[PDB]
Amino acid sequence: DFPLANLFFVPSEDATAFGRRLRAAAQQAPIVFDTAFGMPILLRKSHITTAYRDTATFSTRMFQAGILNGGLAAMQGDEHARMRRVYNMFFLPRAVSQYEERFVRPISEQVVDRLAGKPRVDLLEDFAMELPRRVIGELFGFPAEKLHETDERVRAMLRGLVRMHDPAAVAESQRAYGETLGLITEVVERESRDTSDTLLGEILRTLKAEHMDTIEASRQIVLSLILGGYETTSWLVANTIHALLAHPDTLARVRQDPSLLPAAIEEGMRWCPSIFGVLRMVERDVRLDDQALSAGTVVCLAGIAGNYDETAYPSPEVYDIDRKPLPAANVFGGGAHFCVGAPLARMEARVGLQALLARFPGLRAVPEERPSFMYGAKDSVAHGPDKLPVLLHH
């Protein structure tokens, strides 16, 4: 029914190639069948907006088939709303700013410290991944190093959530989750005791108060903070750094005026998104204009296909932090499932980049070796760089 295409697993040293490829496809067809994901990809903005809104027709029930079953993302309707309110409490604005003061800022300074005394580093492994890892460590009360040991299992878990029709990816996802459950069980057990003094402890306490603290619910809260809070957040920071490093005049301006960091992050999400969109399951035969989707089909909403719509964002290939209005983020999903941790991720990007920019006025990309970009970078489910080598000193 749909044209076939390979939208995602395509390397380039041009960070805009991904955004431009999706926009190009959207001009050819509203829906394409991706040969690597093995599912229809919705590219048309009105179709995506409809899909996000009509949750009875476009559900997240595909997540009942894999490792997210039992967690928030797999829930629908009232069960979802009820668990969502619980999660919501911990990402309210005041809670976020409490995290910023009490640990994101000190951790950021510590991470930057470890970069001192070296002439060159890779800001991907040594910053973008380090900072979110240590934040989750703080929320768990467990050493960041412990999470670092899970990197490969974490990425294996995520790959199967996207390519959920691929038996090898799904099996490795399930197996990786099994190989991480000892860890997850240890963390849950510790912070579920009355002696817990961690944010995770407070969350488990809240689930307990609502009589929702089943083994699976508690494990899924930890799983989401790892998959989202650590791995997925890393790529947002990485892409924001690449955008600044690639545009040294904008980087200098941001260093001179760190109040611009929110605009740098948002434009970065338009210009170099780390995620394409979301998955939904079609619950009933539906037609979207001339396109028909059959009940039971799993689809991807590629909300980022509009990031490079020139009629919406002129000169879309230009990383312009001064755009008015600032682009609406498409990397957090939509509808009732819109990412609940996004406020934490956005704050970490700002607070970490501030600490970095202030400490190294000489910060610049190593002008030799260029980052290579693709969806699937480093075996992730992100579009991001393979490395971000910089020079820190003049």
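Note that residue numbering begins at 1 and tracks the sequence as displayed.
In this entry, 135-143 shows the higher mean Cα temperature factor of the pair 135-143 and 233-241. Stretches 256-264 and 163-171 differ in mean C-alpha B factor, with the higher average recorded for 256-264.
When the Cα B-factors of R193, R280, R105, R94 are read from the PDB record, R193 comes out highest.
The entry lists C-alpha B-factors for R155, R270, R120, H80, and the highest of these is at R120. Among the modelled residues of the chain, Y308 sits in the middle third by CA temperature factor in this PDB entry.
Per the deposited record, the Cα B-factor of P371 falls in the middle third when ranked against the other modelled residues of its chain. Compared with the other modelled residues of the chain, the Cα B-factor recorded for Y177 ranks in the middle third. In the PDB entry, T185 places in the middle third of its chain by CA B-factor. In this PDB entry, the Cα temperature factor of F37 sits in the bottom third of its chain's modelled residues, the lowest group.
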